[PDB]
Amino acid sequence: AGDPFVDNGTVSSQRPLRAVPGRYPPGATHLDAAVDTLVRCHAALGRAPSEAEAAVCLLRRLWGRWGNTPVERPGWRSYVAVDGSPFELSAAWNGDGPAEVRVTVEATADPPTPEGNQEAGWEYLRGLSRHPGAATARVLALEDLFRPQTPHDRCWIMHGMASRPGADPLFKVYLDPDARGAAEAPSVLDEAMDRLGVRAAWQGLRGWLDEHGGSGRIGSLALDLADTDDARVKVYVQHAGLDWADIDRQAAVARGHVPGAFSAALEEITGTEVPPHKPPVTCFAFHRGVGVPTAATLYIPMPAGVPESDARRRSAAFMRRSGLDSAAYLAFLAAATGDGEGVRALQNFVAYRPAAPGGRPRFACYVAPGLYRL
């Protein structure tokens, strides 16, 4: 159970995790690092300082109980960031204008154990249920599926908080399809999609995938925790063993598909010379009452056999050619990592959704803070 391409779980001789020098002071907590990084990233994107301050207050309120753990000698290697930190920074560009800043976190127990962490992860949602801008009913209605009495050793649940320019924050949750083991994943997903009122579209997607190259591995079921028409159910499909043209064709089931956009993005960033260390992932979005996915967003891994500096160059160039603010992307990477030189592979994926008629191109980055050696 758990992601076969990256690692997470209890730290030990078999899963080592060592803090890098030159980042935060020796007694610093993950929350200290996250608050500072969040502020720096808002500045790098030219966002309002008052909005940064609000984002910090929100982070402390919702996650401070769990995130105030020492950076040095960690007991758990999280899934949320590629360096194993329990938080990850992200920026999202939806057409022109200031980017959204997002932080995604995991709540760990003291001391961190599968049972304790899973408890903390769902305790987080009880805290969130008290926040007026959050709608947690849809995820709490899934707790008996995703929170077994005995979690697996690599259990995870991730929580996102989005800081939006001139707007209220948005909250998101990412659930582990393997919560009850790999064998139970299909059943868990099926039941969850039933409960969320999107069976038709989900079963439709399942059928479609099986006739266009195979489903792959379901990486997460995620929910927008809002009671608006904009809220979606999201399923992440990890495309192990599929070529770029096939990933592109698989997206045709979703509204807004632009033939060739996904495969061009993959060629321009991941390349066609060496398989990437982990496969690309498509996020299919769903809405109750719609019989097909409403959108498909591609998560593009960095190229294998290519330096990180070149991976950043390719990503920035792709952004520009898409019309988006590549200067802001590079600045954000520097702020999030302290690695302006671009020598550390701290990106998770970059994400892309092409502009459909009447819409805007979208790009997003996801970057670990580089508190730990890779």
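Start at 1 and count along the sequence shown; that's the residue number.
Averaged over CA atoms, B-factors in the entry run higher in 146-154 than in the other of 146-154 and 74-82. Comparing 13-21 with 346-354, the stretch with the higher mean C-alpha B-factor in the PDB entry is 13-21. Across the options 178, 100, 96, 110, the residue with the most elevated CA B-factor in the record is 110.
In this entry, the residue among 281, 231, 128, 269 with the greatest C-alpha B factor is 231. Residue 1: CA B factor lies in the highest third for its chain, per the PDB record. When the CA B factors of the chain's modelled residues are split into thirds, the value for residue 341 lands in the highest one. Per the PDB record, residue ranking by Cα B-factor puts residue 48 in the highest third of the chain.
Ranked against the other modelled residues of its chain, the C-alpha B-factor of residue 310 as given in the entry falls in the highest third. Residue 37: CA B factor lies in the middle third for its chain, per the PDB record.
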